[PDB]
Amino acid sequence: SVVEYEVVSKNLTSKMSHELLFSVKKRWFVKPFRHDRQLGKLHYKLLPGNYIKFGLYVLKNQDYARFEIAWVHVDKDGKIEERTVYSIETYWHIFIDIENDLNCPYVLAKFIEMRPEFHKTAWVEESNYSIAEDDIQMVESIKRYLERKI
């Protein structure tokens, strides 16, 4: 009882759109079944449950970065419903520097760091690691963090 879903992963000369799915249950990012470079898209095969889609849209030359957090809900009929639960606009040079922020949410640090290379998709490692926090605390800490950073 599986379902397929599509996020955008592309780093172009002018802009970058980087979305990745984080599993609520496994408390770490999801391995995509297929990375599509020709069109800048990843492909996931998701089991019924909840996951979270982090999004990072960047207009390089306008120093612009927006970061979104959306909640992805997959029920039994294989049906899919989405709602943004957070969205924030800010300069990109700030965003990129968040990687180096010693004390700052890890998954956020990880996310930014997994952005896709030029003309390519990103890709998720076969990891077994999980983070201490649960979906709620995780999102809050992230929110709470960027707030101060901004």
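One rule holds for the numbers: they count along the sequence shown, beginning at 1.
In the PDB entry, a CA B factor belonging to the highest third of its chain's modelled residues is recorded for residue 94. Ranked by C-alpha B-factor against the other modelled residues of its chain, residue 41 falls in the lowest third. Sort the modelled residues of the chain by CA B factor and residue 136 lands in the highest third. Residue 34 sits in the highest third of its chain by CA B factor, as recorded in the PDB entry. Compared with the other modelled residues of the chain, the Cα B-factor recorded for residue 124 ranks in the highest third.
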